[PDB]
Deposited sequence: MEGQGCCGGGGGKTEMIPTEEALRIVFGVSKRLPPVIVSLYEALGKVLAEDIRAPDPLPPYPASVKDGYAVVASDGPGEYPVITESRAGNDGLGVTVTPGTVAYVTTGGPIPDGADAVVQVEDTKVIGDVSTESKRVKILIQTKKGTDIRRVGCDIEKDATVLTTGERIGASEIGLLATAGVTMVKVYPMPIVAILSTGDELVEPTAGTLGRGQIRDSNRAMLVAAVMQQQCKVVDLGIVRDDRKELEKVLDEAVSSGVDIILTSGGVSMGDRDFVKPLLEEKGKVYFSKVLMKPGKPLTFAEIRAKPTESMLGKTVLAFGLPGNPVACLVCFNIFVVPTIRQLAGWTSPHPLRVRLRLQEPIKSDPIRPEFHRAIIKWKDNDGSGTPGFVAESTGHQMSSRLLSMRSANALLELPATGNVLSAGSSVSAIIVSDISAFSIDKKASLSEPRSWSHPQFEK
């Protein structure tokens, strides 16, 4: 039995980033860049107006002038030179005609006459005012995005600015998922027979892998039969998947075949971890027959321990495979809203609902946590709405309300319900 910190280190040491692929612009969203992106031209590529108004010769100053051209886009004002004593109408983003060196916004002007157009400039402007010089936002050949950067909406915007519609990125791993047990029935079952339960772990894990943006290979329910589980694992290993997730069949039962089958097919690095909830967790590396590596997690059958192990061990593995330079989850410090008894031997991953408060109890703003209640590993209601795992050390003492603890954030911090 090893501590969770050592188990993570082993997983990180074994897990390798996947080979990069070439995807389309919208397929690149969520993925980590596998190449630098340089701007092929400047932004703006032409001197552009910041305002709707008039392009002027700044040294002319206030006065009445003829409007010699209008410039909004493309070739507007091409070949026209704004000389001292003249102006040109411009819209925001419009190219500045040759000779003009500043822009006066329309609110600082007044149109004069009926009908040949004439305008009164009402202020004294300075050279360069309200003009974006060539490349002031992005210089030609500047690096706008770099390898290792995760692509979000503004990064998609930067790729489109630079005219990149096919992107080199690290792909997401493909994950196979199966459940084990003679007691299981499909979640479509109505009336349950004696000694039956609905398979809940498979759909839970399929959903958790979908939240990580990975393709899922659903291998269904496998019975407690060594030859049948071996066949499904052999098929999963040769199918092309990167990660295999099983649940159940890893405790001390006489028909728990996951651990010995993974020892036979590949290298098992550990099978037991010092933690609450649970204990059994097999991690193995299998080489598929040529040729590639497949990572296997023999997750515990108890629903809570199954999901807690996914959150702590599988999520950073998916991220590492997908090329994330920072795969660790966000850890914050927070205050307890109620007392919690820690375990004397096992450090706990206590499920909690956390929120940011203007006063965390100590007079200053901060995160606070409420327990989800009874933490029994068979009680999936303890995972309901839980957005964090409080890391409670094995002191055996009662941590009182108001004391501070470390907490792992497990669900999108930007989707957090406010206080």
- Item | Chain regions without C-alpha coordinates, deposited sequence numbering | 1 to 15, 131 to 133, 309 to 313, 443 to 460
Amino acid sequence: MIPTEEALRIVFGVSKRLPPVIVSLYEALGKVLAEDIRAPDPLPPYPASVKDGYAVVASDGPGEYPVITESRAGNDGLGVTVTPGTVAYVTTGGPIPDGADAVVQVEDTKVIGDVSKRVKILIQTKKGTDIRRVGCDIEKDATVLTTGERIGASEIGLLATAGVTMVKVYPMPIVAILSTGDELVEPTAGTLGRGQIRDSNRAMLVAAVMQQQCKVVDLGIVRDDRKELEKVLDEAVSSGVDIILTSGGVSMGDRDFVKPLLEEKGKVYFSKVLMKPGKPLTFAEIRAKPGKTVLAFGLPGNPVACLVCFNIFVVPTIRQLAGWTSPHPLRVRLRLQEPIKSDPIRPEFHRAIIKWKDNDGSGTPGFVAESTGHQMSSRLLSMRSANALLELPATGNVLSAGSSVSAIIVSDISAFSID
From here on, numbers count along this sequence of modelled residues.
- Item | Per the entry, higher mean C-alpha B factor between 345 to 353 and 166 to 174 | 345 to 353
- Query: Quick one: higher average CA temperature factor, 84 to 92 or 239 to 247?
  - Reply: 84 to 92
- Which listed residue, 200, 188, 124, 147, has the largest C-alpha temperature factor in the record? 124
- Note on the structure: Among 331, 287, 132, 223, the highest C-alpha B-factor in the PDB entry belongs to 287
- Can you work out whether the C-alpha temperature factor of residue 327 puts it in the lowest, middle or highest third of the chain? middle
- residue 26: CA B-factor among chain residues, third -> lowest
- Split the chain's modelled residues into thirds by Cα B-factor; is residue 409 in the lowest, middle or highest one? middle
- Task: Please rank the C-alpha B-factors of the chain's modelled residues and tell me whether residue 78 sits in the lowest, middle or highest third.
- Result: highest
- Task: Rank-wise, by C-alpha B-factor, drop residue 282 into the lowest, middle or highest third of its chain.
- Result: middle
